[PDB]
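What follows is one structure encoded as structure tokens, with my remarks underneath.
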Ligand SMILES: *[C@@H]1O[C@H](CO)[C@@H](O[C@@H]2O[C@H](CO)[C@@H](O)[C@H](O)[C@H]2NC(C)=O)[C@H](O)[C@H]1NC(C)=O
Ligand SMILES: *[C@@H]1O[C@H](CO)[C@@H](O[C@@H]2O[C@H](CO)[C@@H](O)[C@H](O)[C@H]2NC(C)=O)[C@H](O)[C@H]1NC(C)=O
Ligand SMILES: *[C@@H]1O[C@H](CO)[C@@H](O)[C@H](O)[C@H]1NC(C)=O
Ligand SMILES: *[C@@H]1O[C@H](CO)[C@@H](O)[C@H](O)[C@H]1NC(C)=O
Ligand SMILES: *[C@@H]1O[C@H](CO)[C@@H](O)[C@H](O)[C@H]1NC(C)=O
Ligand SMILES: *[C@@H]1O[C@H](CO)[C@@H](O)[C@H](O)[C@H]1NC(C)=O
Ligand SMILES: *[C@@H]1O[C@H](CO)[C@@H](O)[C@H](O)[C@H]1NC(C)=O
Ligand SMILES: *[C@@H]1O[C@H](CO)[C@@H](O)[C@H](O)[C@H]1NC(C)=O
Ligand SMILES: *[C@@H]1O[C@H](CO)[C@@H](O)[C@H](O)[C@H]1NC(C)=O
Ligand SMILES: *[C@@H]1O[C@H](CO)[C@@H](O)[C@H](O)[C@H]1NC(C)=O
Ligand SMILES: *[C@@H]1O[C@H](CO)[C@@H](O)[C@H](O)[C@H]1NC(C)=O
Ligand SMILES: *[C@@H]1O[C@H](CO)[C@@H](O)[C@H](O)[C@H]1NC(C)=O
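Residue numbers (the deposited numbering), protein chains in the order written: chain A, 293 to 676; chain B, 390 to 437; chain C, 341 to 389; chain D, 729 to 777; chain E, 14 to 69, 77 to 244, 254 to 292; chain F, 826 to 874; chain G, 972 to 1019; chain H, 972 to 1019.
Given below as structure tokens:
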């Protein structure tokens, strides 16, 4: 309702004694949202990745680089043809609000018991020997029954896994080895021998197989986010760019709230984001017009309410601390600030103190004993 | 335990979409047909 | 088990219980005496560990 | 005789410009108020000293 | 073509000191007026960089290891150091990467190449035209299975010069990380006769190549009837990166200006 | 004695822009870490003294 | 948490995957203030 | 956590399940040192 009613609330009392009370810091709110994305017009190759005529063998999994294209993951998400669609460093809804630096589709086929092994930090002969995901995999695993496309009645033995290996393979490592595994203590040269094995074995994928023994086509999408210059982006149109006004910006998925401004920071041509001592962004190169923007958080400060107690009067004065009388009147209720109260914006007594801005108290040249201590040599009192 | 107000919401769906009846979900049943509140208190019961 | 002088007929398959003992197969998988040893849920190397 | 007076907006430090984080901070009740009371206690007493 | 040019003098393995070199921008973030701490594959300060020569007599092109990444620098004149070969077999059993700056364009390629025992490029020196021109390419006999291929827009880069001391320093960092070959580089003018310049200057990233291959060894390519020749006098130094923490001093405008190797 | 701030009228005139970067305090202010002025100025301390 | 940047949790994750990550950051940052205010209360007694 | 011995966790659980149990032990241990150092900073004022 009013600054006194904020102090009554803050203290949990209907009576407020004489004093200067700390209250919620005020913050000037965003006038509008900005969105800004690199302009790419071709839609990414989803019909090539999710609809090729043949996929790779899991032992020799294919890796396609997706770049310089627009990604509409709503098509992949909304499509019912998928049995698994799990993401590990993004929620699946947010994929359309977002941009990616380098994106890839690891494409291969596996048994329906093995889909669990494709999740990061796993074990069993797929996670161990032919397709390991890193402990921090950022991306999505996408899988579906392709028995109608891939499988033939006697067995589509074109699909090969690896049953043997000297060691568990490293994340995103691919291994074309056909060199013979030595299961006995003996060495084993040439093509074959006793307790010597060809390290690869084929799936007998048939339509007469039970569900789980059928071919599941897998795509694993891998991508990295928000750390470098984007080359793949979701289906959001850029707004116009505005400056010196508080706004909800979004550059390449770098969502935030701030005043944007033209920067004199001489970014070297490879750079796109600038980070503060606090590990937050404080500059950005605009992806459409290659100028550097400073980002500042929209103007804010402490508010403190100076009161002569409730038993006397309800009248109060408000100190915007560390703030010049200007940023006050800028704080016009037109741009949404935290405090739903704006009644004091009237002024006509808006005294400027070293401590900040004092509204609702008259500045008398006469010097009295300090009553309520405001700071930097100033005090306030309630008098005729 | 005892219950203050209770409602059974009764309907038929495809068996895939039983998951979309979990709270916090999305997909065409969870989107515009039968959305749960994210802090749903209750039980979801389904049979073929 | 492996070295018995006579084995059973398959229609009357034996069932020897085993306990309070250690499973060192080093005179076993490491010997070419079997024309088929296959495990189906473990690597034959891991049986010691 | 004194040290620098400080005051820390406990919501803006933890949950800067976020409403979701602010709605989650409420689950820890009075902790932020306790922090601002303590810092106001220190800061008033620098003017006492 | 493919030929072994065996006319050379035997010299022992040389070394020199990596005083304060092989520091590069560890990410694509702007920072300024800050001392930033980062752990990455950097050249350890004051390490033995292994030292190689081309002379009159000497044409030092060994096949070298590549483990945890490489620092490569050439004090250079007449454009002698033109490229590098990378792989793990070099005999078409597995893929390898070629990076070459020829007389006109740069070519970058991944193939199951069959490389020569002595790979090189050759220039006809002042042959009645007063100019110099490239004529010999002898690096691999064939390049069948290939999986990455790029060629730059065309230029002419000159292959002539005989000044005494070196006027160019060229520095490169090569990291093959998670399927990406990352190149960072610098150029600076100099006036030095026979050693790596004492000083500091950080390497900007310049290209990132998605090559995906294993690299375990590398070898650099030099400009030069079949045997008996004159090499241009040019010198090159090689170091190995290690996981070392670095403190990096950014100045005012926004660029690395000094560094401290925390170990 | 060389201080880092004292609540000497911060006005985003030097902070917002070139001086949000190189300032412990600009990162302090932007995160709810505020320094308040003392009740007695360095002139009033000198009048008592 | 997956990130130190609060908006890179809230623009990446939804309303139910984010809550796990945001609460590690609330717990870690709240303990960072309780450490600082303990240091500063003890400190203020050295000045007092 | 499933044990006070840090190796008994790492011997019995994979990377993501051990990271849950280990983060309990880190959160606990660290809260032991922040308690000890608080007691010692207060006790150092009794002695000062
Ligand atoms: C509050 O901000 C105003 C600017 O809006 C400051 O006024 C400036 O003061 C300088 C120094 O006297 C003058 O040279 C400028 O021409 C003034 N500009 C305007 C538009 O007034 C004022 O000094 C600030 N007050 C405090 C206490 O910081
Ligand atoms: C250059 O010389 C090397 C030997 O120094 C040649 O390598 C030999 O190649 C033959 C097959 O052509 C092999 O049987 C030998 O085992 C190889 N020897 C060595 C030591 O590797 C190479 O072929 C020669 N290249 C040219 C172009 O003459
Ligand atoms: C694959 O192509 C067919 C048309 O031949 C289309 O109906 C189907 O939806 C496509 N699948 C996906 C996942 O886009
Ligand atoms: C974005 O599009 C505009 C024209 O619509 C063009 O000026 C600009 O070059 C484009 N962005 C880039 C990075 O080229
Ligand atoms: C204010 O409180 C005093 C007691 O402290 C009482 O005597 C007086 O009547 C009160 N006045 C009003 C206007 O409430
Ligand atoms: C304060 O004193 C000045 C003279 O220094 C005078 O001009 C001004 O009117 C006085 N202010 C008030 C409110 O009396
Ligand atoms: C570098 O080489 C010299 C031999 O010239 C050797 O004695 C020295 O220990 C080496 N330095 C380091 C730091 O490895
Ligand atoms: C440069 O080399 C490339 C292949 O390495 C070749 O295609 C091109 O023709 C060469 N250019 C000239 C001018 O010789
Ligand atoms: C001189 O240059 C021309 C092309 O400019 C070339 O065809 C010719 O072979 C050169 N002559 C000699 C002797 O190299
Ligand atoms: C590589 O060459 C071998 C030998 O001809 C051939 O069998 C194989 O299919 C080739 N691989 C590719 C990817 O072309
Ligand atoms: C590259 O191949 C060599 C030789 O087989 C091997 O030792 C090395 O581990 C391989 N590198 C990677 C990253 O797999
Ligand atoms: C910094 O700016 C000054 C003046 O504009 C200039 O002399 C100097 O070369 C700049 N330094 C760098 C590293 O750009």
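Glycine included, every Cβ here is placed at the ideal spot set by N, Cα and C.
| query | result |
| --- | --- |
| Run of the alpha helix (DSSP H) containing residue 998 of chain H, from where it starts to where it stops | 986-1018 |
| Between the CA atoms of residue 37 of chain E and residue 430 of chain A - distance to the nearest angstrom | 26 angstroms |
| Cβ-based neighbour list, residue 489 of chain A, same chain, cut-off 8 angstroms, excluding 5 preceding and 5 following | 455, 456, 472, 473 and 475 |
| Sequence-ordered residues whose beta carbon comes within less than 5 angstroms of a heavy atom of ligand 11 | E:108, E:234 and E:236 |
| Segment contact, 8 angstroms Cβ cut-off, at least three pairs: the stretch 268-284 of chain E with the stretch 833-845 of chain F | no |
| Closer than 6 angstroms: residue 122 of chain E CB and nearest ligand 10 heavy atom | no |
| CA nearest to the CA of residue 138 of chain E, picked from E:265, E:18, E:255 and E:192 | E:18 |
| beta-carbon residue 606 of chain A near ligand 5 non-hydrogen atom, thresh 6 angstroms | no |
| When A:565, A:630, A:516 and A:660 are compared against residue 426 of chain A, the one with the closest alpha-carbon | A:516 |
| Straight-line gap, residue 776 of chain D to residue 287 of chain E (C-alpha atoms, nearest Å) | 47 angstroms |
| contact_flag[the stretch 982-1002 of chain G, the stretch 736-751 of chain D] where n(CB pairs < 8 angstroms) is 3 or more | yes |
| Within 6 angstroms of ligand 1: residues by beta-carbon to any heavy atom | A:616, A:618, A:644, F:834 and F:836 |
| Inter-residue Cα distance where the pair is residue 154 of chain E and residue 181 of chain E | 14 angstroms |
| Cutoff 7 angstroms: residue 1020 of chain G Cβ touching any chain H Cβ | Absent from the model: residue 1020 of chain G. The displayed extent of chain G is 972 to 1019, so no value can be given. |
| Span separating the alpha-carbon of residue 870 of chain F from that of residue 762 of chain D | 32 angstroms |
| Any chain E beta carbon closer than 7 angstroms to residue 357 of chain A | yes |
| Extent of the continuous alpha helix (DSSP H) to which residue 870 of chain F belongs | 867-873 |
| Residues of the stretch 1008-1019 of chain G whose Cβ lies closer than 8 angstroms to any Cβ of chain H, in chain order | 1009, 1010, 1013, 1016 and 1017 |
| Start-to-end residues for the beta strand (DSSP E) that takes in residue 91 of chain E | 90-96 |
| Proximity of residue 575 of chain A and residue 557 of chain A at Cβ, strictly below 7 angstroms | yes |
| Between the CA atoms of residue 367 of chain C and residue 344 of chain C - distance to the nearest angstrom | 15 angstroms |
| Between the CA atoms of residue 275 of chain E and residue 1016 of chain H - distance to the nearest angstrom | 39 angstroms |
| Cut-off 6 angstroms between Cβ atoms - residues of its own chain near residue 417 of chain A, not counting five sequence neighbours on either side | none |
| Any chain H beta carbon closer than 7 angstroms to residue 586 of chain A | no |
| Cross-chain neighbours of residue 562 of chain A in chain E, by beta carbon under 7 angstroms | 41, 224 and 225 |
| Endpoints, beta strand (DSSP E) assigned at residue 514 of chain A | 508-517 |
| Reference residue 143 of chain E, options E:267, E:20, E:207 and E:177, closest by Cα | E:177 |
| Under 8 angstroms (Cβ pairs) to chain E, residues found in the stretch 839-851 of chain F | 846 and 847 |
| Ligand 3 heavy atom lying under 6 angstroms from the CB of residue 459 of chain A | no |
| Within 7 angstroms, strictly: CB atoms of residue 104 of chain E and residue 128 of chain E | no |
| Neighbour-count burial assignment, residue 269 of chain E, 16 or more Cβ in a 10 Å radius | buried |
| Outcome for residue 983 of chain G when other beta-carbon atoms lying within 10 angstroms are tallied against a minimum of 16 | buried |
| Cross-chain neighbours of residue 987 of chain G in chain B, by beta carbon under 7 angstroms | 413 and 427 |
| Helix, strand or coil at residue 579 of chain A according to DSSP, with G and I counted as helix | coil |
| Beta-carbon proximity check, residue 263 of chain E vs residue 123 of chain E, cutoff 7 angstroms | no |
| Meets three-Cβ-pair contact criterion under 8 angstroms: the stretch 18-27 of chain E and the stretch 223-237 of chain E | no |
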